[PDB]
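Take this structure, written in structure tokens, and hold onto it; I'll ask about it next.
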Amino acid sequence: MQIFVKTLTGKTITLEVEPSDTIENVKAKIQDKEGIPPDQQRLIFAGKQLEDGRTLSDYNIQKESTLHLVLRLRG
Amino acid sequence: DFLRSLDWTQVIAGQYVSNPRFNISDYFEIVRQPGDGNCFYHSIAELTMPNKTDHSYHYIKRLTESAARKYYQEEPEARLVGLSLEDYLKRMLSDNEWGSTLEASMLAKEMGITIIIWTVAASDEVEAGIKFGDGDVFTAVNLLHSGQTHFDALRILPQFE
């Protein structure tokens, strides 16, 4: 099923996911599609940051929901 | 004016994002910082401490320690680090250990400031900013994150006030 992710640059991407996908799995998909390393990714839905070991289903993330992606920036 | 029209979206409490497109040097002076792993704290020091020197960053690392003991447990980005408070502090305080958006969030609360981190693309222009705190760009401590690995300080150019 398709969901949306608005990246830090404001680009809204589509992603193909299963409700059973963990947030860790979603990060891997964003890496594959956009090249962003998983250790950088903070995913946010409904004003809360999502935890790696929970699933989209755990969060009521539906077909066509939109996540915000914010990056952990180090230097 | 360009700077007065920035559109910030509060994504999680106290944390905002914006995706303006500008040449950094059209609006800011860059105040370059050394590395040795410390450039995040040097950049903070440059903009918050009068008479900043190359030793000032130790002060900011101590404030980061203080901040962590208050705020780390509840910081959303701390969930990425995944360390106990004590293990986090051990790493943070290590010589040349990189700072980050996690320390920016905690420092904004500890110091009572707004910190913006502007990140630059390979095309040289700013493509995004992350802001910790409620202040505007004119009030904020503005950092430039470049090469995906380095922080410098920025000051707004005088003609923009």
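Chain B uses Swiss-Prot numbers throughout; the residues present, in order, are 2-162.
If you're wondering, the header gives X-ray crystallography, 1.7 Å.
Note: Cβ is positioned from N, Cα and C throughout, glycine not excepted.
According to Swiss-Prot, the protein has these features:
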DOMAIN    B:29-158  domain 'OTU'
ACT_SITE  B:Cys40  active site, for ubiquitin thioesterase activity
ACT_SITE  B:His151  active site, for ubiquitin thioesterase activity
ACT_SITE  B:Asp153  active site, for ubiquitin thioesterase activity
Taking just the CA atoms, what is the gap between B:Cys40 (active site, for ubiquitin thioesterase activity) and B:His151 (active site, for ubiquitin thioesterase activity) in Å?
7
With the cut-off set at 10 Å between Cβ atoms, which of these active-site residues ends up with the most neighbours? Options: B:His151, B:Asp153.
B:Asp153
Just to be sure I understand the packing, how many Cβ atoms besides its own are within 10 Å of the Cβ of B:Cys40 (active site, for ubiquitin thioesterase activity)?
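The answer is 24 other Cβ atoms.
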Work out the three-state DSSP category of B:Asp153 (active site, for ubiquitin thioesterase activity).
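The residue in question, B:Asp153 (active site, for ubiquitin thioesterase activity), is strand (DSSP, three-state).
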DSSP-wise, what's the residue breakdown of the domain 'OTU' (B:29-158) into helix, strand and coil?
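Taking the domain 'OTU' (B:29-158) as a whole: 51 helix, 31 strand, 48 coil.
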